[PDB]
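Here are the chains, one letter per residue:
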Amino acid sequence: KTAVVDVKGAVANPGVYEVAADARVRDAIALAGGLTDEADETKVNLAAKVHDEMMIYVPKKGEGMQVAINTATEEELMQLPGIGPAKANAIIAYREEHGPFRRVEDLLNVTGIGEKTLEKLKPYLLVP
Amino acid sequence: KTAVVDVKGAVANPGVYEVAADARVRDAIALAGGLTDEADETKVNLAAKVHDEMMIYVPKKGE
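Residues numbered from 1 in each chain as written, not as in the entry; some residues may be left out. Chains lettered and ligands numbered in written order. Heavy atoms only, no water.

> So, the overall build of chain B: which residues are in play, and what are the values?
Looking only at helices and strands, chain B features one helix and three strands. Written out in order from the N terminus, the α and β elements of chain B read β-β-α-β. Rg of the C-alpha trace for chain B: 11 Å, near the compact-globule value of 11 Å for 63 residues, within the 12% margin. When burial is assessed residue by residue, chain B has 41% of its 63 residues classed as buried. Intrachain contacts of chain B at a sequence separation of at least 6 include 43% that bridge at least 24 residues. Charged side chains in chain B number 8 positive and 11 negative. The centres of these two groups are separated by 4 Å. (Helix = DSSP H or I, 4+ residues; strand = E, 2+ residues; numbered from the N terminus. Rg over C-alpha atoms; globule rule 2.2 N^0.38 Å. Buried < 20%, exposed > 50% of the residue type's maximum accessible area, 1.4 Å probe, protein only. Contact = heavy atoms within 4.5 Å. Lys, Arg positive; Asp, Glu negative; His and termini not counted. Charge placed at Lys NZ, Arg CZ, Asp CG, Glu CD.)

> Residue-level account of the environment of A:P85, with values.
For A:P85, the location among the structural elements is in helix 3 (residues 85-97). Between the C-alpha atom of A:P85 and that of A:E75, which follows or precedes it by ten residues, the distance is 8.4 Å.

> Go over the side chain of A:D6 with me, naming the residues and quoting the values.
Among the structural elements, A:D6 can be located in strand 1 (residues 2-9). On the basis of relative accessible area, A:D6 is assigned to the buried category, the value being 2%. Polar side-chain contacts of A:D6 include one of 3.1 Å to the backbone nitrogen of B:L46. (Polar contact = N/O pair within 3.5 Å; in protein donor to acceptor, adjacent residues only side chain to side chain.)

> Tell me about the UniProt feature "domain: Helix-hairpin-helix DNA-binding motif class" (unreviewed entry) in chain A, and name the residues and values.
Residues and elements named next belong to chain A. Sites flagged by UniProt as "domain: Helix-hairpin-helix DNA-binding motif class" (unreviewed entry) map to residues 75-94 and 105-124. Secondary structure content for residues 75-94 is 65% helix and 0% strand, and the end C-alpha separation is 16 Å. The straight-line gap between the two end C-alpha atoms of residues 105-124 is 13 Å; of that span, 25% is helix and 0% is strand. (UniProt positions renumbered as here; feature names shortened; annotations may be inferred.)

> Run through the environment of A:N13, naming residues and quoting values.
Residue and element names in this part refer to chain A. If you trace the backbone, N13 turns up in the loop between strand 1 and strand 2 (15-20). A relative accessible area of 47% places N13 in the partly exposed class. Note: C-alpha distance between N13 and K60 (47 residues apart in sequence) is 15 Å.

> Tell me what's going on with the sheet that holds strand 2 (residues 15-20) of chain B, and back it up with residues and numbers.
Residues and elements named next belong to chain B. One open sheet holds the three strands; their spatial order is 2-1-3, and the pairing between them is mixed. In this open sheet, the two strands that pair with only one neighbour each are strand 2 and strand 3 (54-58). Each neighbouring strand pair of the sheet contributes to a mean axis angle of 30°, computed without reference to strand direction. (Pairing = 2+ DSSP bridges. Axes fitted to C-alpha atoms, helices over the stretch in contact; angles between N-to-C directions.)

> Please provide a residue-by-residue account of the pairing of strand 2 of chain A, values included.
Residues and elements named next belong to chain A. Bridge count between strand 1 and strand 2: six bridges; the pairing is antiparallel. Among the inter-strand pairings, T2 is bridged to a residue of strand 2, identified as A20. Adjacent in sequence and paired antiparallel, strand 1 and strand 2 are bridged by five residues.

> Please give an account of the pattern of salt bridges that cites residues and values.
Evaluated as defined, the whole model comprises eleven salt bridges over all chains. Between B:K49 and A:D52 there is a salt bridge whose closest N-O contact spans 3.8 Å. Placement of B:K49 in the loop between helix 1 (25-31) and strand 3 and of A:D52 in the loop between helix 1 (25-31) and strand 3 (54-58) is noted, with the two residues assigned to different chains. Using a relative accessible area of 26% as the deciding quantity, one classes A:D52 as partly exposed. Across the pair B:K60 and B:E63 runs a salt bridge whose closest N-O atoms are separated by 3.9 Å. In the salt-bridge network here, residues are joined through shared partners; they are A:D52, B:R24 and B:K49. (Salt bridge = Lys/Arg side-chain N within 4 Å of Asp/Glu carboxyl O.)

> Requested: an account of the interface of chain A and chain B, with residues and values cited.
Listed per partner, the contact involves eleven residues of chain A and ten residues of chain B. When the two sides are added together, the surface that chain A and chain B hide from each other amounts to roughly 890 Å², 51% of it contributed by carbon and sulfur. Taken together, the connections running from chain A to chain B amount to two salt bridges. At the junction of chain A with chain B, the criterion picks out six residue pairs in polar contact. (Buried area = accessible area lost by both parts, 1.4 Å probe.)

In structure tokens, the structure reads:
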């Protein structure tokens, strides 16, 4: 009636814990100390039951799926919503002319990326 | 009672190790110096039971 689970990912104390088979993913994460500041509880089923030998992975915002605007290529840049050849090549032109981007809001200074455009792009970015 | 396993992949010291049959993959990988900075931790279950002649391959990120 006991389960051994590998609680890893964006949890405070990742390890191999021992809990009751009637426990649920939330309990195992609670025992592990909660979520780190980079976790994404969106993609975790906190209600799912625990079984022995189970692996509980908590991914981080991204996941991987983040394009580093400062060090991306035209092919990688235009992989995001809206950004195409000319919009991707202006973000790269601004990269090389007026320097790299400090924050996500620096994209607003690029021609073609307005407030509407930036909103459908924020969660897929990685601005050093 | 005894289980011999081959720990390969993104571990500090891959190779053959001996473990108790009642052990988990956590123990086998602890004997090899644990994972490395390039191990795809999402591809390794340390709560898994170990059996004799078992091969434990830890893939890298990007494989």
